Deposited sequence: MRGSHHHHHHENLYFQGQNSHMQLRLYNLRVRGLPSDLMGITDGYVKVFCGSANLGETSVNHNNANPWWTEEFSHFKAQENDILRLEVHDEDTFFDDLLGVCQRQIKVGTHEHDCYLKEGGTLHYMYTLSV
């Protein structure tokens, strides 16, 4: 078992009333959680970090960026990546436009 730390989530260029963004985080089949909604912000960053203490190399880190609304949330983009030991900076392109940038560390 290893520790995954997902952190430094930020997006630039979210749809624009203006996007109410949040991020969903999965590690393999574990739903690690979601950020809070960063309201009325095309370029949010989140303070949230996510850790999973049962991670293993090659697990699939999946990030979804959503736009929150009253009845239905809108999926803005999905990224999938096999996690590798060490610290990594990555970009995730959102189909609907915009880029989610994030870092992760897989350790132990």
>> Which parts of the deposited sequence lack C-alpha coordinates in this model? Number from residue 1, please.
In response: 1-20, 37-39
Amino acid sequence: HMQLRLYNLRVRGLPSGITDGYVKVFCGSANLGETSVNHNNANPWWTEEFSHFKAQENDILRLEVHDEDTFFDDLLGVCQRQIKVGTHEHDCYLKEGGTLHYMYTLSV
From here on, numbers count along this sequence of modelled residues.
> Comparing 41-49 with 67-75, where is the mean C-alpha B-factor higher?
Replying inline: 67-75
> Which has higher Cα B-factors on average according to the PDB entry: 6-14 or 91-99?
Replying inline: 91-99
